[PDB]
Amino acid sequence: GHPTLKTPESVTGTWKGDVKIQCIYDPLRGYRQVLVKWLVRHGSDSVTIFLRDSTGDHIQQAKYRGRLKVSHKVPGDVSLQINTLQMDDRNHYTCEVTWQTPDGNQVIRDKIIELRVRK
């Protein structure tokens, strides 16, 4: 491993507005992106809210349906956008990327970003 995940320490969005949680990296030769995960904190663990694999994007909860968009045009930009922020969206979010190397083995890396919601 690996390409470096660039993220902010915190992000602040507006209640019922939209926010974009930055997770971007420069693609590297020898690291093929095979999985992207966004997770949220729940108690003493994290829970997957979004998965992107070979069959596309999967929001793992109806509450997020239509609310979650992960960037998919500029390579290495897998930033999370949340539509119409709820106060309950205040949380620690995690961006998690899996790269596959020429070995066929896989390198997982992740980053935690705090989301604050105002108004």
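Numbers for residues come from their place in the sequence shown, where the first is 1.
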Report the stretch with the higher mean CA temperature factor, choosing between 29-37 and 58-66 on the basis of the entry.
58-66
Can you tell me whether residue 96 has a C-alpha B-factor in the lowest, middle or highest third compared with the other modelled residues of the same chain?
lowest
Taking only the Cα B-factors deposited for this chain, tell me whether residue 79 sits in the lowest, middle or highest third.
lowest
Cα B factor band for residue 87 (lowest, middle or highest third within the chain)
highest
Against its chain's modelled residues, does residue 103's Cα B factor rank lowest, middle or highest third?
highest
Residue 46 - Cα temperature factor, lowest/middle/highest third of chain
lowest
